[PDB]
Structures are given as structure tokens and as C-alpha cells.
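A.B. asks: have a look at this fold, sequence not included:
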């Protein structure tokens, strides 16, 4: 399936993932495609601050879903 | 036979059930005694949650069993 | 009208296809031939990937053609 | 803030729905924001409103949102946790009585987040029991948070308060045996912190220890695989050390619980471990034993820097059992390490054990061990603690058992060392004490043999001026093989130098020539034929034991006398930076700014760029000049500063505390063909004469008392490798395989030196290691040489990347560039050539993307390297020998394309004097591309798939002049038989001509009569064309000159020279030119011709099996161990003939090769997980998924092994050369 990620500055980065993937893998792909280290990255969705070590199947993410990425200082 | 149920605030409840009664029957009896909705309880015995479709003999529940009552809420 | 579907390495499968149809029907036929699920199969024709939800009429696909097969598995 | 104020007024309301909307909007606004966006938010007023709203329990749905809002306020900005942290009593009170699980869980998470910086408040609030009142029947994700907050509360506990943790101590003690990992780690950390903080109160330690904690920690430690990490392993062992040292009664109780068996299982079960773990274990062993008296001969300890004794005075059965159990293991650990602290701790432990034991136990335990040799070797050491330890050990041991230790010391060379020792204030005092003690020892005890005299008599006959025949050598062999000569008599009686001058001397004054001496040595040791009686057949002796025995004795002797120094901060380097002053050496501007920022790891190129941008480079910030040619140069003294050099190293070398403190100054300134006519060829070089020299090589500069043994071992290795060049006929075979020359202690020292981060930060590897690696490479195995080459050959970033990839360890973070190129799968050769020509010499890693693909990372680059390696072998180019084959399982267009394949190896085709210039130009260009590709692939730790041959590697290592007839077997097998038979015939020809009892006519008739398999040379009718290539002339006119007996040696020499050196010269010159444009060939001198294959390509193929698979494979996410699909896949994996193995490797990792070490060497372990499907489609007609970037395998659950087999093959075959998912 395809997912879109957008930041505060404004940019739509498209990724293609699978329900059995890992959130850490998605963060690593984002780091490779953009250069943002996977330590200041925060992924929020539907009000939760999604944690690491889980799978996208837990968070009932479906086709054509939008995620939010906010950095930290 | 009678069993004991302990909830999050104590309140040891003595409930009379039968070995052939399913967990659904025990839940119905508990609701009749108190009134907790079926969608909020998370009955766990000996650290393992009790499936509604099973019976007392499936979980080896015997006389004077000390059941534990655990509440539940929606996630998100 | 016996259009051919050729896999990557060496395999070729015949397929009788209706003139106007959706991609899902051809996919079902290919699955009956081989057994590829509707999550990893992509069709390439000429120099473009056949997008789903359309018909062969708009893709200029006529009788007695060849469709190459690619499986979307790796990452 | 405008919406924030409105949210505040909404929060300060009364309507329940209004409050719910307010808190929902509050959390929504808080989670999305960050420090920059949410600036100016009022907290001092909003936070009390939130606290008041949370201080109400008439609703169950808004409490969750209030706790969530507070948690997200904490998480959004780490600055409000000084005012936000005020509701701790409310949190604790809500924990006392529970009505909803979710609110308690969120409160636990918030409290755990708070405890990081404010634990004193919660400690005063008495929440240690409040948390874990109802620890059970919670979720899995909250138990770890509760244990973490408990540990953080116990991090800083005062001795005054104990009742806050006394109630919960048994609960945690029982919890210490849970099956999970993080819970056990947290409980262990809590107990470690408690024991560490309560160290000065014996009663508190006794209260904490109890009797279940010790046994639970024991079973936790013994049970394997290790559920406890290495750091917390060290922490637990240190907790044992503290309890044993600070409380003797606890130590006695721990000893009573047979801890000796546990320590034995930990140490050996020796299991390889980090030096810190061994140090902690040795400290524990030392602390279990009674303390040393401070009166007597132990008074030196005061200047160098009880209940166990009662138990020993009691029934000593336990002490005897402990000593007999662990003395051998302690000595084994001591004799297999190289480190300043571990050696000292082991010495102290052994000294205590020797002192406190009785005579019978010491006699029993010191039977299958060598102590005198170690004492003698450790007496003479610059580290002036080991000398004192050795002297004390000798005194005690010989005072307890005089009779047994009266001949061992005299034979092993201790008495002589003590005699030599006997013959700004602490150093003088300890020297005086050592002198006085040695004098007393010698004067008191040692005041007033057929092996040493025999060896002296034998070595007297080895002098060059006097002939000795061969009796001296057989006597020396007898002494070396069947005797018990020590390592002190070999040194005392000059034998190593006499043997060195016997083997490697050449002068007119010598009584016997060097050739005869070499023959005599090769006859006495090894069974080579005696000089003057060479058999007419072929030399192939069997016996080689004496040489192996001599080599082993020399290695032991070198290990005894070796004295090389090992040298094994981070925050200092990472924090403090350098300041330097620039002074003109005058067309450029004069510097007046003063101090200059100089990063310790910075290079001079950055300084040059800064100077150019600043405007000092002229003859405003401008980027055109920065955006090759060199205009400015930096100098220090009379030595030029290389660009690839760090300023710290420059200061250390050309210009310690002064390096980082004192200011440094750097100046700046603007910048007849005999072969073709006659038919003569150069002679075959013999490598042995380069090695046979008594003087040390120019590369050796270090001074050690163990250099003669090194020289002798070098000479012996040279003789063993090159011994068939001294005979007219022989077969190439090493007398002793080179794996048997490895020294067990030098390798350990090198490995220890190659693990310190700082010495790789600064690149300060000592001279001895590099010189030994470059001059005598046989002293280390392959892994050490590869590590040294990678560390010292390139920049520091690559070295630290290699260290991180081979040894997981003020945190280091390598910094590297990353430049990406895109190619297409239709013109791979041209695009690869363009990429290599553009970015070959760039010091940045090369990642390659694809046009119609989205996937990026290492997998595409590995696939590109594999494709280029395969493409370089097409039969159309015509570069190598071999046969033409068709590749198995080709692509759509790759089918039908011939490829060059050979069973033995690949060698370059020769050309003569009639080759078209365009063909030669094409060959040279292709060779340059291949050389540059290999050079770039070696740097970036990438792997290729090019099966090269041995002569190729010999050419690479500059060994083209030592290619004899035995090297044709690895190139062309059919012509080798003809060459060998012609050599056999020419030997007979020479033998016949060496007889003078004939006539000219008879000699001619005998020469003509000679036949080859019933046919004569005239009948053969050969010529001067290289066999197999009927287009190359060995010499001019080689078409009308038939071969005869009179011209046969010249013909054979011409054939060999043309087929190995002459016709393949320009090609390899082009290869060398292409390779040296990246990094010089001089860095490959570490390796050997048979070892470069492992460095370049992958490891040798081998069959896979589950026993070694149960060491790196780690399944999770629905595939716990002892499942069905995992075992089905594991069984089906080991059913391949390496073809499907390569297919699977390219499917998962992306390369058809594996790193050295097998499945363990792969940094990301093969992690197998389940795949989520729907409830309608059967989980049978689906294909497995792979993420090659991190090696994440997603394998569907199935029911039949046959289905697994039939679908994995299709998945591998029909999903190659594509990345359509990322």
C-alpha cells in the first residue's frame, strides 16, 4: 500500500509499505530518503504519539492513509 | 459450588455457579448481581483471560475458586 | 485471439481475452494459470505500466499480443 | 496562542461537554506542535487549571484525556517539567485505589516520564510501594514502566530512609525471575543500585542479600542463552564483588553455596568475552579469598600504590575444593590475555592462592602447569609491579617447597635473572627494596647438566671457519626432538645466531659454500636428497616432523622473550577543540585574526578552503572560488603536509598536554630488441636470495630482545615456501603449511590493540605492529591482517565504520558523504564506465538508483556490482581463456549470449607483434575499467563475483619474475604435459652430453636416437608458434625453423616466457595504471596470492545446516521458537546445491556472496516474521516478502513443506533484478 507523509514546512513524501512492516523500518526509509536522523523523528497519528518496535497492523492503518512527522530540537 | 470474585476495589463476591456453566453464564450472573456491562469486563483468572466460549472445566475452575475481576475500556 | 503472457525468465502462457474487459478479469485468468495474488503482480506493456481500473481498448491492446510479467516482491 | 487563550477559557468552564471538547482540542493542539511553533504558550496558568480539572472523579472518560493532555504537555517541550510536576500526590492517590485500568496505565507512563529528572519528590511522596501495590493483572507494556520508575526511585536513596523499600524488597526479589528481558534488566539494576548505595552499612547489605536473591541471580546467570545483556552482566558481577568485599560473612555464605561451579561454568563451561567481563570475574575471584598480611616481605605494597580467615581456620574442605576447582581456570585465563589490569588482578589472585594453601594442595595443583618459565619471563619487565609480584611469588613458593623448586628454577633461568638484578622518591625506594631483596635471596638460598653442555658442544661445530660435516646437525636434531631443553639454555648457548649465520652467510672465507650447507640442512631436517647424489626421478620426501618441532620450539622461545608494549578520554576528545596560529612564511595577506578553529579530526583541505573564501588567497564571502588545481600550500618545518592528514597527527609528528594546550604555527605559501632478433630471455628470479640475509631488513626499526628469533623464523619460512628452486627437478609443495607459523600471543596483543576507539581516532598504531605485518605477515591470521589493512589503509571514517560493523561497542558517530547516480538496465557497460570515470577517485561512498524503480539503499548497489561483474565475462569482448557456456536461468534478452567459463581460473589472452592497434586499445581500456572498478569496490567494503586465478594475483603483487613451469598448470593443462615431457627429454639430453667416453658420431647418433613415446622430434614437426594460438611467433622467422634436439631448451623457455610474461605485459601495465588511480598497490603487501580471493570476493561455498543456523537467526512477530513454519523453512533451506543458495542470497541480501565468518558475520541478522492476510483468501497462494535493506523476511504461514518448496523457487526465480516496493 501507499502512504503519504507531510511536515510542518510543507512537503508530501510518498512511501510504499506493507502491513507486516515495522515502524522503525519506515523511519529508516524516511532517513535514507531525506537525511533526517531516526532519533529526532516523531510520528503522530489519530492523536497518538506512535512508539517504536510495533507494526502498522496494530494501528489499523489502511490504504491511502496520511501520517504526520514532526521533528524535535 | 461457590466461587469468589475480586475486583479492582476488593469487594469479594461469592457467586454460585455450576461446572457445566459457561463463562457467558458467569458473566450474566455477575451482571444480574451488580450490573456491569458485558463490554467492559476483562475477567482474568490465574493471570490468563477467560474466554466467554469456554466452560469452568476448560479452565479447571473448582470449588472456592478466587476469580479476579478486571475492567476494560475502549482504546484508540 | 490468443494473447500471450510471458514471465521474466522463460515461461509463456496463452490466454483467450475478450476485446473489452477490466484488468481484474485478466488478473484472475493469470492467477488460474499460475496463482499470483492481487498484491504483487504488475503488468508492463510497450513502455508503460498498465494501470488498473481501465480497459484494453484505451491501451491500444489488440489481438495476438505479448504482455510481460513482473512480480512486486522485493524491497 | 490566540487559540490557546480560547482553549484556556473553555477549560475554565462548568459544562461537562464543554470541558470534554476543551481537553480534546487541547491535546490535539499539543501533540501536533513543537518547540518552535508552540512558543509563547502560557503554562503557569494553564497547568493549574488542568490539575484542578483532573482533581475530580465524577466522570470516567475525561480523566483519560486529562492525563493524556498532561503527558503530551510533558512530551511537547522539555521545559515545563518544573511547574507541571506538582500533582504527584494526586497521581499516587489515584494509584492507591484503582477504578479504571487505562487511567492507571497513563498515570504510570506519565510518572515514568517525570522520574527521569525529578525522583527526589516521588521518593519523598513514598510511591515505591504505591507503584506495585497491584503490579499483577496489568498489561505487558505497563509492567516495564513500573519497574523503570522503581529503579529510578532507587537510583538515589539515602541511608536514613529504608522503610520505603523494605516492604517491596521481597516482591522485587521474587520478580527477579521473570521470563521477559526488560523487566529482569530493570529489577537487576534496582538491586545493583541499592547494593552500591548501601556499601558502608553492613546491616543494610545483610538485610538486602537474604538467601533467595543470591540463588536467583545464580540461576539467572547460569541459564543460557543469555537473557541479560553484557553491561548489566558487568553490573551484576560488580554487585557480587561489592557484597563479597564489604561483608566477609556474606562472602562466606556465598562460598558455601558452591559458587566455584558457577564461576567455572561462566569462564569455560574459555568462552570469548570482553576484557571488562574478565576483569570483573577476576576481581570477584580475588575478593573471595582472604586478605594479604601487611607485615613482613609485603611492606612494598604500602609504597607501590575477618571471617574468611576464620572459615579457613575452620573445616578447610570448602577452601580446598574452591582452590582445586578454580586454580587451573585462573591460570589458563592468565596465560591467554594481554592487558595491564587483567594481568595484575590475576597475579594478585594467584599470589593469594599460593600463600594461603598448604604443602600437599600446592604439590597436587602445581603438577600439570608451568610456573618457573612465567616467573623467569616476568622478572625482566619495565612495568615495575610485575617484577615485585614475581619476586614475592618465588620467595613464598620456594620457602614452602624447597626440594622440588631447586632444579626447576636453576634450569628455567630464574637464578641467573635474580643474580643480574642483584648485581622522584618512590621509584628510588622501590628500586632499593628490589635490590636489597634480591641480594638477600641470592646470599641466603642460592649460594653454592648434560643438556646444556651437549648443546654447547653441538653449536661449537656450527662455526663457519671449521668444517663439521653433518654430525652436528643430527645431534642438534636429536636434542630438539627428544629432550627437555628449556628456553633459557637455547639463549645462553649461542644457537639462534649460529644457525642464522650457518644458513644465511656468503663469503670467500667460508670453509664450505652456502649451497652445500643448505643441502645439508635440508637433508638433516626434512628428507631431501643428499648433495651429489640427486636421484634421476622426482623428489618427494614424506618426513617433515623435525622442521615442525624446531619451528614450534622457536615460537615458544620468542613468546617467552617477547617484550613488545601494548597500549590500550572520549568526552575530552569530543568536547575540546584545537586553536592554532597562522603565520606567513609574501604576496598573500598577512594574518592578524589570531586563533583559528581547528577540529581535532579536521584536514588541511578545510583550512585551505577557509583561507580561500576569507580572501587571503588573492594575489567578502565568495563561493565561485570554492566551487583539482591547488593554489595554496601549508608547510610545517621542512616537511610537506599531505592533504589526507589530520591536524592532530601533524602536530603530534612534526611539532601530550602540549598538543592540546600550546599554540602551533603552520606556514602558508602559494603553490635493440634482443628477444625478437636473437631469442634470449631474462633468467628466472629466485625469491630465496632476497630473504637470505643476516642483517635486518630496512623496514625493521624497533629494538626488542627477541629479534634474532624473528629473523631465524623469517629465514625458515622463506626456505619452506621456496625450496624447489634449489633443485633441477622437484614438485611445488610447502614443507610446513603456513597456518602452523601463527604465534598465539602476538595475535592476542594485535587483537587487543585493534579494539581501542582512541587509537583509531588518532591512527596511532605503534610502529612494531605495522612493521611486523608488512615484513613477516605469517605471525598473524587472516582476520587480524584484514582488520589492520582496513584501519591503516584509508581515512578514519571508514576505519570506524568497519569497527562498528565488526564490534558493537561520548558516543562515536561516523560522518560520511553520500552521492547517488541513476542508471538503466540497457547500456550497463557504458553507464558504469561513465560513473567510474566521473566519481572513481571521489572519497565519498557510491550509491546507485534505478530509473523505473523507487527502491534505494545498499541493495541496488550490490546488485549493480554483481551485474557488472557478470557482464565483464562476455565472450564477445575476448579477453580471457576458457570455454563458452550458456548462463543458467538468464534474463529475457540475456538468453543465448555466450559467457567465458573456466574450471581452474581466468587468465588474460596474449598478443604478439601482428595485433591491430584498435584491438589493443580496446583491451587496454577494458583493463583500466576493470582495475578501477576493483579498486573502488575494495574501499567501500563491497563484494564482487569475478573468479580470478593465482597468476593474476601474483602479477598484482609484483611477482611476475618468479613464474616457473609449475605455473602453467593453473592456466593451460594440456600444454603443461608437453612442457613437462620435453623437460624430461632435455634432462636426458644433458645427461648423455655429460659423458666424455664417446665420439662425435656416436654422440650425434645417440642424440638422434632419443624418442618421445615412440616418436622423434623430427617426426613431431613442431615450430616456433605458441601452441594453441597459431598466429604468434616466439621469434622472428618462426615459420621455417623446425624444432630439433639442438634447440629445445630455448624453445621451452620462449614458450613459457611468451605465455606468462611477455605477451600479457601491456595489458597488466594498463591494469596497474587503472588500479593505482584509486589507492596504491603497496597496501596489499600484507596478504598472499592465495588470500586475495577472500578479500575481493566472498567466502568459500559450504553446505548450510541448522546447528550453525541456531546462532544468528532470530525470529519474532508471530514466529516464536518451536513453531511450524520456521522449522519447515529451516529444513527446506538445507537442501540446495549452492545454486539455489546463491539464488536465495541474491533474493534476500542482494549479493551472491557472504561475509567471512558465515551467517554470523552479517550485521543485520535474518529476522523472520509473519505476514498479515485477510480472513477470506487462503494463506497458501501467496509469495514470501523480503526487505533487503535490513534483511527483514516476511514468510507466510503454510501447512505443507512441498508447497513451501514449490513457491520459494518461483519467488526467487520470478522476482529478480527489480525493486518496485520501498
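C.D. replies: Happy to help now that I have it. Residues are numbered from 1 along each chain as shown, chains lettered A, B, ... in the order given.
A.B. asks: just the element for the residue nearest to residue D:967 when sequence neighbours are not counted, please.
C.D. replies: Closest residue to residue D:967 apart from its sequence neighbours, by Cβ to Cβ, 6 or more residues apart in numbering or on different chains: residue D:951 at 5.8 Å. Just so you know, the C-beta spots here come from the backbone N, C-alpha and C atoms, and that holds for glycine as well. Assigned by DSSP states H and E, residue D:951 belongs to helix D:950-956.
A.B. asks: hmm, back to that, isn't the residue nearest to residue D:967 up against residue D:966?
C.D. replies: No - in this structure, residue D:951 is not within contact of residue D:966 by Cβ atoms under 8 Å, at 10.9 Å.
A.B. asks: more neighbours: which of these two?
C.D. replies: Per other Cβ atoms under 10 Å in any protein chain shown, whichever of residue D:951 and residue D:966 has more neighbours is residue D:951, with 23 against 14.
A.B. asks: check contacts around that one.
C.D. replies: By Cβ atoms under 8 Å, 6 or more residues apart in numbering or on different chains, residue D:951 lies in contact with D:907, D:963, D:967, D:970-971, D:1060.
A.B. asks: reformat those as TSV; add secondary structure.
C.D. replies: Formatted as TSV, those follow (DSSP: H, G, I helix; E, B strand; the rest coil):
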residue	secondary structure
D:907	coil
D:963	coil
D:967	helix
D:970	coil
D:971	coil
D:1060	helix
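A.B. asks: ChimeraX command to pick out the buried ones of the residues you listed?
C.D. replies: A single ChimeraX command selects the buried members of the contacts of residue D:951 (16 or more other Cβ atoms under 10 Å in any protein chain shown):
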select /D:907,963,967,970,971,1060
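A.B. asks: name the nearest residue to the residue in the stretch 451-600 of chain D that chain A sits nearest to, sequence neighbours excluded.
C.D. replies: Nearest residue of the stretch 451-600 of chain D to chain A (Cβ to the nearest Cβ) works out as residue D:574 at 17.2 Å. Once flanking residues are discounted, residue D:574 sits nearest to residue D:810: 6.1 Å by Cβ to Cβ, 6+ apart.
A.B. asks: was I right about that neighbour contacting residue D:758?
C.D. replies: No - using Cβ under 8 Å, residue D:810 is not in contact with residue D:758, being 11.0 Å away.
A.B. asks: which neighbours do these two share?
C.D. replies: Common neighbours of residue D:810 and residue D:758 (Cβ under 8 Å, 6+ apart) are residue D:570.
A.B. asks: more crowded one of those two?
C.D. replies: A side-by-side neighbour count of residue D:810 and residue D:758, using other Cβ under 10 Å, places residue D:758 first with 13 against 10.
A.B. asks: what about the residue lying closest to that one once chain neighbours are set aside, neighbour count?
C.D. replies: In this structure, residue D:758 finds its nearest non-sequential neighbour in residue D:569, 6.0 Å apart by Cβ to Cβ, 6+ apart. Other residues near residue D:569 come to 10 when the count uses other Cβ under 10 Å.
A.B. asks: what of residue D:700?
C.D. replies: 19.
A.B. asks: dump the residue contacts of it.
C.D. replies: Residue D:700 neighbours (Cβ under 8 Å, 6+ apart): D:707, D:771, D:775.
A.B. asks: sorry, back to before: quick check: the residue nearest to residue D:574 vs chain C, distance?
C.D. replies: For residue D:810, the distance to chain C equals 35 Å [Cβ to the nearest Cβ, to the nearest Å].
A.B. asks: likewise for residue D:1186?
C.D. replies: Relative to chain C, and taking Cβ to the nearest Cβ, residue D:1186 is found at 6 Å.
A.B. asks: count of residues packed around that residue?
C.D. replies: Look at residue D:1186: counted by other Cβ under 10 Å, it has 24 neighbours.
A.B. asks: for residue D:1071, same thing?
C.D. replies: 24.
A.B. asks: so it touches residue D:931, yeah?
C.D. replies: Yes - contact criterion Cβ under 8 Å: residue D:1071 and residue D:931 qualify, at 4.5 Å.
A.B. asks: residues near residue D:440, how many?
C.D. replies: For residue D:440, the tally of surrounding residues (other Cβ under 10 Å) stands at 13.
A.B. asks: ok, the residue in chain A sticking out farthest from the centre - contacts?
C.D. replies: Centroid-distance maximum for chain A: residue A:73 at 18.4 Å, with Cα atoms, centre = their mean. Counting by Cβ under 8 Å, 6+ apart, residue A:73 makes contact with A:40, D:34-36.
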